[PDB]
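Enquirer: Have a look at the structure that comes next, please.
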Amino acid sequence: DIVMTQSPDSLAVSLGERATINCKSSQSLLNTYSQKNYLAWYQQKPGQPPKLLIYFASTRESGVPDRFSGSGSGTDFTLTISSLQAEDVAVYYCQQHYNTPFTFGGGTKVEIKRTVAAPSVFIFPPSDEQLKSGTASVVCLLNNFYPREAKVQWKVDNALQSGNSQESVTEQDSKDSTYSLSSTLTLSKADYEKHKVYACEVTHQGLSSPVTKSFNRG
Amino acid sequence: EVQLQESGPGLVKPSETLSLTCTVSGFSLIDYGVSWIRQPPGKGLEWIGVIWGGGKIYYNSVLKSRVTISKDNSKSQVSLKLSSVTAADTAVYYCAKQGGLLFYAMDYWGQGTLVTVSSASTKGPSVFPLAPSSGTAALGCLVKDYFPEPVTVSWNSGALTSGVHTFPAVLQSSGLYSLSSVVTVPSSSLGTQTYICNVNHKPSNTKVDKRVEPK
Amino acid sequence: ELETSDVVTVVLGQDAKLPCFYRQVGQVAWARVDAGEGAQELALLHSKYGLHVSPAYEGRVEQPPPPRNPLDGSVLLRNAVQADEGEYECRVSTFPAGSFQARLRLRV
């Protein structure tokens, strides 16, 4: 079992800049007789089956743009996306195809440093239907922002709340390397009947200071 | 032309046996080999095994003693059977064709299938419109209380794609999933262009078209 | 039936001849069947596409000079290394009629 250790785990680079995703193998992936090194780089973009990039460490595969110039030898290998145009924001796995059992490494997730962008905050109030069902979920949406870091607060009736929320950040759009988040405050219908004003206070690096979007039960 | 389709049971009782099948097409399963990889949700890829065109099967050491690959060259069918399916066996299973004769890099892959070892049933989603309640207005559905994953939210019959964000589902304290999908669109568009989130939950055979509408 | 000498012996730096003659063979495969770690494919003499050695033997494995076919699945493991020592196994998958396999040993 050749152990493949990619490094670093996560990488951030600007659009033009080089990316390097080193990878190591407990065993050399070299056939001295053949002078071939057998290591393949894949590209599991978000929500898709891995796609081979480079077999034989260097030999790419028809279709793989030249930016993905793989290299390296022995137990130290390296992928280099010369200019990380946005779509190349996937997790890259190194696989040794020297012998079985094939082994992949962890995967280095790459990312993109655009500059800061302030979020779009929309507050969606609980619909009548869910109210009839006896549940009220209030959702807060931050439409586009960078960096990933963000905090939403759920102040129920001028009273801070906590532990009745779950947040979800969509991955970094390949269009503009920006994330989007949504936070959910779930209450009994009764609680929605214990308060009138519900508010979503978010503070993003981009936002000079907290923006609070809000509605009333009426 | 080289197409692998992976179909199998989605929700499996703990201590059971998954039994996905991979219908290969366009390449002779007699010559080329197909392997199975799984990727535990949010984790690294794992190798399960390879069934070389001559029927020699290689299995990973870890999942061995619990896996079985076999094929039918006649029906271009490859199959996985994993025994004692337990908590950790939840993942997207993949079948990929080995690149060449005795080549170990998997050139063509399958789309995937999330097998979910669990004790629950397949309850279906309850789509509660998140009204646009009106720049870029936002309207979305709140697929809620469904199990297991995944649920396919889509907008205006797959046509509307720009500005759509379907978020990862979260597991609620109830043990049921909840997912939001939203599609910021022109303010004026809310009035005319209708928006109808199309929600599919295959495990429960639920299909819902809900129309999110202003106010 | 597959014809293979139970034991094959090659001195260091020699092209050990792994024999596998079937009594048409569609494809032959050789593998090193020894243990969990020693469970590796060595070469695939596919009749229609040729020999396809595995990544760790691409240089030390070659089939006998023409014309040895048909029904000769021999492959020679040259410049044999003391480690090469181990039991192997042919699979002659004769078509239009079925499948087979035979073990062997190489004692470098």
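Chains as they are written, first to last, in the working numbering: chain Z, 1138 to 1355; chain V, 42 to 256; chain C, 47 to 154.
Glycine included, C-beta positions come from ideal geometry on N, C-alpha and C.
1) Could you list which residues in chain Z have their beta carbon closer than 7 Å to that of C/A102, in chain order?
2) Rounded to the nearest angstrom, what separates C/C66 and V/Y99 at their Cα positions?
3) Helix, strand or coil for V/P227, going by three-state DSSP, please let me know.
4) Are three or more beta carbon pairs between the segment 1142-1154 of chain Z and the segment 1234-1250 of chain Z nearer than 8 Å?
5) Check the Cβ of V/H242 against every Cβ in chain Z and list those closer than 8 Å, keeping chain order.
6) Please look up how many angstroms separate the CB atoms of C/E133 and C/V79, rounded, as I've assumed it's under 8 Å.
7) Please tell me whether Z/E1224 and Z/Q1309 are closer than 8 Å, where the distance is taken between their beta carbons.
8) Check distances from the C-beta atoms of the segment 1173-1198 of chain Z to those of chain C and list, in chain order, the residues that come in under 8 Å.
9) Leaving out five residues on either side along the sequence, give the residues of the same chain with a beta carbon under 6 Å from the beta carbon of V/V91.
10) To the nearest angstrom, how far is the alpha carbon of Z/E1198 from that of Z/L1190?
11) Give a yes or no on whether 8 Å exceeds the smallest Cβ distance from Z/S1171 to chain C.
12) Which residue from V/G153, V/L183, V/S245, V/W88 puts its Cα closest to that of V/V224?
13) Using three-state DSSP, classify Z/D1328 as helix, strand or coil.
14) Here's a check: name, in chain order, each residue in its chain whose Cβ is nearer than 7 Å to the Cβ of C/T50, leaving out the five neighbours to either side.
15) Out of Z/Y1230, Z/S1210, Z/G1211, Z/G1184, which one is the CA nearest neighbour of Z/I1158?
16) Between the Cα of Z/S1345 and the Cα atoms of Z/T1215, Z/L1221, Z/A1254, which residue gives the shortest distance?
17) Provide the residue span of the beta strand (DSSP E) that contains V/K112, from first to last.
18) How would you call C/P101, buried or exposed, if buried means at least 16 neighbouring beta carbons within 10 angstroms?
19) How close, in whole Å, do the beta carbons of V/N197 and V/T235 come, if the pair is a contact with beta carbons under 8 Å?
20) Along chain V, which residues have their Cβ under 9 Å away from the Cβ of Z/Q1164?
21) Between which two residues does the alpha helix (DSSP H) carrying Z/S1270 extend?
22) With a threshold of 8 Å between beta carbons, is Z/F1239 in contact with chain V?
23) Residues of chain V with CB closer than 9 Å to the CB of C/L90, please, in chain order.
24) Excluding five sequence neighbours on each side, which residues of the same chain lie with their C-beta closer than 7 Å to the C-beta of Z/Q1180?
25) Tell me the DSSP secondary structure of Z/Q1342 in three-state form.
26) Along the chain, which unbroken stretches of the beta strand (DSSP E) at least 3 residues long are found entirely within the segment 115-179 of chain V?
27) With a cut-off of 8 Å, does the C-beta of C/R137 fall near any C-beta of chain V?
28) Can you check which of these residues, Z/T1237, Z/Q1185, Z/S1219, Z/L1216, is closest to V/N101 by C-alpha distance?
29) Verify the CB distance criterion: does residue 4 of chain V have a CB-CB separation below 8 Å to chain Z?
30) How close, in whole Å, do the beta carbons of C/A75 and V/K97 come, if the pair is a contact with beta carbons under 8 Å?
31) For Z/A1287, count neighbouring Cβ atoms within 10 angstroms of its own Cβ and tell me buried if that reaches 16, exposed if not.
32) Would you give the residue range spanned by the beta strand (DSSP E) that Z/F1352 belongs to?
33) Alpha carbon to alpha carbon, how far is V/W93 from C/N115? Give it in angstroms, no decimals.
34) Specify the secondary structure class of C/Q128 as computed by DSSP and reduced to three states.
35) Please report how far the alpha carbon of V/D72 lies from the alpha carbon of C/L90, in whole angstroms.
36) List, in order along the chain, the chain Z residues whose C-beta lies closer than 7 Å to that of C/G105?
Expert: This is what the structure gives:
1) Taking a Cβ-Cβ threshold of 7 Å, the residues of chain Z close to C/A102 are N1168, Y1235, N1236, in chain order.
2) Their Cα atoms are separated by approximately 22 Å.
3) In the structure shown, V/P227 sits in a strand (DSSP, three-state: E or B).
4) The answer is yes - the segment 1234-1250 of chain Z touches the segment 1142-1154 of chain Z, with three or more Cβ pairs under 8 Å.
5) The premise fails here: V/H242 is roughly 17 Å from chain Z at the closest Cβ pair, so nothing lies under 8 Å.
6) Correct: roughly 6 Å between the Cβ atoms.
7) With respect to Z/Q1309, Z/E1224 sits apart: the two C-beta atoms are not nearer than 8 Å.
8) Listed by position, the residues of the segment 1173-1198 of chain Z near chain C (Cβ gap below 8 Å) are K1173, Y1175.
9) For V/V91, the CB contacts under 6 Å within the same chain, skipping 5 residues up- and downstream, are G74, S76, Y99 in chain order.
10) Answer to the nearest angstrom: the Cα atoms are 6 Å apart.
11) Yes, contact with chain C.
12) Considering only alpha carbons, the answer is V/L183.
13) Of the three classes helix, strand and coil, the one that applies to Z/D1328 here is helix, per DSSP.
14) The answer, listed in chain order, is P65, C66, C136, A148, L150.
15) With distances taken between Cα atoms, Z/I1158 lies closest to Z/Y1230.
16) Selected option, being the one with the closest Cα: Z/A1254.
17) V/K112: member of the beta strand (DSSP E) spanning 108-113, first to last residue.
18) Buried: at least 16 other Cβ atoms inside 10 Å.
19) Contact flag correct, Cβ pair sits at about 7 Å.
20) Near Z/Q1164 there are no residues of chain V at all, since even the closest Cβ is about 14 Å away, more than 9 Å.
21) Unbroken alpha helix (DSSP H) run through Z/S1270: 1265-1270.
22) It does; some Cβ of chain V falls within 8 Å.
23) Residues of chain V passing the Cβ test: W93, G94, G95, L142, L143.
24) If you ignore the 5 residues before and after Z/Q1180, its C-beta comes within less than 7 Å of the C-beta of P1187, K1188, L1190, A1227, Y1229, all in its own chain and listed in chain order.
25) In the three-state reduction of the DSSP assignment, Z/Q1342 falls in the coil class.
26) Here the runs fully enclosed are 118-126, 132-139, 147-149, 154-158.
27) With 8 Å as the cut-off, C/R137 counts as an interface residue toward chain V.
28) Ranking the options by Cα distance to V/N101, first place goes to Z/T1237.
29) For chain V, the structure presents residues 42 to 256; residue 4 of chain V sits outside this window and is missing.
30) 7 Å between Cβ atoms; contact.
31) Z/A1287 is buried by the Cβ-count criterion.
32) Here the beta strand (DSSP E) through Z/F1352 covers 1348-1353.
33) C/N115 and V/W93: Cα-Cα distance of roughly 23 Å.
34) In the three-state reduction of the DSSP assignment, C/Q128 falls in the helix class.
35) Between V/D72 and C/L90, the C-alpha separation is close to 11 Å.
36) Within chain Z, the C-beta atoms nearer than 7 Å to that of C/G105 come from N1168, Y1170, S1171, in chain order.
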